[PDB]
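Q: Have a look at this one before I ask anything.
As a convention, Cβ positions derive from the backbone with ideal geometry for all residues, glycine included, and neighbour counts pool all protein chains shown. Each answer follows from the model by the rule given with it, or from the source it names; no laboratory instrument gave them.
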Amino acid sequence: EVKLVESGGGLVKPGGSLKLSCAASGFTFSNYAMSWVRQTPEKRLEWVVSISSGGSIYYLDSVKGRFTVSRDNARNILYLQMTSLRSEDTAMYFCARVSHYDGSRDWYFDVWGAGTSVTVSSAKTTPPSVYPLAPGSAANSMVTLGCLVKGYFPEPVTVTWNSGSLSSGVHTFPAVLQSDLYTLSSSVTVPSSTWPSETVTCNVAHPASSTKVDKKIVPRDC
Amino acid sequence: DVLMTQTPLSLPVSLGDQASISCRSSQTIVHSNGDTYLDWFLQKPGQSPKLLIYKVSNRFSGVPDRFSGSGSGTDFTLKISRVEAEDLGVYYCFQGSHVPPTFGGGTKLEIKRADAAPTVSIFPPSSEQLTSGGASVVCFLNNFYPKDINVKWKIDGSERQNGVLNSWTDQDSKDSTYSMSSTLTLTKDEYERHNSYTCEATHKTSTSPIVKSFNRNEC
Ligand SMILES: CCNC(=O)N(CCCN(C)C)[P@](=O)(Cc1ccc(NC(=O)C(F)(F)F)cc1)O[C@H](c1ccc([N+](=O)[O-])cc1)[C@@H](CO)NC(=O)C(Cl)Cl
């Protein structure tokens, strides 16, 4: 039953605070060093802190004086109390077991949790504007249509075509943060013999704001 | 801190091929106790990293013998004797000898496939967006390979990068190609001030740029 489960992630404004927890099971938690490792949106891995079995603590210089790690050996829980949060602290935080006990000549991350997402932003929940992307009709065997999901926050948004009945030929691009708000786009390619004849609709869902938009892609001249 | 440099950033392979990833540190990774804590991790999409090799050459439990680690001091190598489908992902080396422990930037092992030119589509701003005072011109560059591509927007023959949002998909598990979306956002005012909107892509598949244009006067 060796597993690590992180919780406590979410949205916080810069300067804010948050406490992450990592529940351990399947091993004698007390006999091992533990660590928090974060992965930025750019996928860069950065070690944050290590707390040895004996309690020796090592912090990344940038979090010193801002983060406090601690462990409860009775409940097998590792904590990370973050304060004075900055935008660059935005990342996926993983707890990891280090196969080390004080004085051991070996140490390495052998078990990792699934991670918990932390997002530091001043932005507030904002529903998306969904726009149909249709080719200028006055302008081939296949036609590409799309939908632009612009200016929303926070992630994520889900996009399907024809409520899922259209799965082939679809590309959904990863969201990109612009001026604190995300923008995403999706394209779908279908045989020219089916559109406009047959209807194509993009379904966009943004859970954060309970938004569900269905936008039909209709032909039109520019 | 100790800087871990991995090369290459992306490694295209075909299943069955042998693969080597290099990891070099800016300083010796040998610890005061004489051991070298150089570890390698593999991270697959949507998954947490998983240990493969620790302390330079020791394979972790359950890792297939196809993985080998070697090196000394400041130069290390991860070798995959035969690449299988399940080996695709991002590989990271890590030094845990000196505080702060640091990770290399990652090496993406990708599937090599034949070159493919992008299929480019350009979209004028929708009437609905114009109503709200905005104007986004969208360009999709789909199913191309390799991933290296440069897209430029030209408004009436003049380049414009400000207000452009670019996004790339990961390698398609179906045809191993990449796709890209490029959005140029202007104010309604600016948009109706110009006539030609051009999405220009430079890709190794052609000696001249792949150009898709939208001229308002021709609508
Ligand atoms: C000032 C006190 N001195 C030291 O601290 N060290 C000696 C420095 C000597 N130089 C100045 C010349 P150092 O080498 C510093 C160091 C700390 C962490 C890591 N890596 C990770 O944390 C991981 F991320 F890579 F795992 C690597 C190095 O400590 C080692 C260490 C390894 C692993 C863990 N752990 O996992 O928790 C804790 C401590 C080890 C001595 O060796 N200590 C112990 O076992 C004590 Cl008895 Cl607890």
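Q: Return the total of residues in segment B:106-134 being more than 7 Å from every other protein chain (Cβ to nearest Cβ) and within 25 Å of the chain's Cα centre (by Cα).
A: Counting residues in segment B:106-134 that are more than 7 Å from every other protein chain (Cβ to nearest Cβ) and within 25 Å of the chain's Cα centre (by Cα) gives 15.
Q: Can you work out which of the residues in segment A:86-131 that are more than 13 Å from A:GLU6 (Cα to Cα) and of a type in the set (A, V, I, L, M) is farthest from the ligand (Cβ to nearest atom)?
A: A:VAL130
Q: Another one. Run B:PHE76 past the list (1) more than 16 Å from the ligand (Cβ to nearest atom); (2) away from chain A (no Cβ under 13 Å) and report the number of the one that doesn't hold.
A: Result: B:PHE76 passes all but (1).
Q: If you scan segment B:31-61, which residues turn out to be away from every other protein chain (no Cβ under 11 Å), in a loop (DSSP other than H, G, I, E, B) and more than 16 Å from the ligand (Cβ to nearest atom)?
A: B:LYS44, B:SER57
For every residue, the table says whether it meets (1) over 22 Å from B:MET180 (Cβ atoms); (2) in the same structural domain as A:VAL130 (by CATH); (3) in contact with a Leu (Cβ under 9 Å, 6 or more places away or on another chain); (4) surrounded by 18 or more Cβ atoms within 10 Å (Cβ to Cβ).
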residue	(1), (2), (3), (4)
A:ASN162	yes, yes, no, no
A:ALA175	no, yes, yes, yes
A:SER197	yes, yes, no, no
A:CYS202	no, yes, yes, yes
A:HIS206	yes, yes, no, yes
A:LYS212	yes, yes, no, no
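Q: Here's something else I'd like to know. On the given criteria, is B:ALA85 within 30 Å of B:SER206 (Cα to Cα), surrounded by fewer than 17 Cβ atoms within 10 Å (Cβ to Cβ) and either away from chain A (no Cβ under 14 Å) or within 16 Å of the ligand (Cβ to nearest atom) (or both)? Reasoning before the result, please.
A: On the way: within 30 Å of B:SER206 (Cα to Cα): no; surrounded by fewer than 17 Cβ atoms within 10 Å (Cβ to Cβ): yes; either away from chain A (no Cβ under 14 Å) or within 16 Å of the ligand (Cβ to nearest atom) (or both): yes.
When the stated conditions are applied, B:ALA85 does not pass them.
Q: Could I ask something else about it? Can you name every one of the strands (runs of 3 or more DSSP E) wholly within segment B:116-178 that holds 3 or more residues which are aliphatic (A, V, I, L, M)? Can you show your working first?
A: On the way: elements: B:119-123, B:134-144, B:150-155, B:158-160, B:164-168.
Correct list: B:134-144.
Q: Would you point out the residue of segment A:87-136, among those that are under 15 Å from A:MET34 (Cβ atoms) and touching a helix residue (DSSP H, G or I) at 6+ places or on another chain (Cβ under 9 Å), that is nearest to the other protein chains (Cβ to nearest Cβ)?
A: In this case the residue turns out to be A:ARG97.
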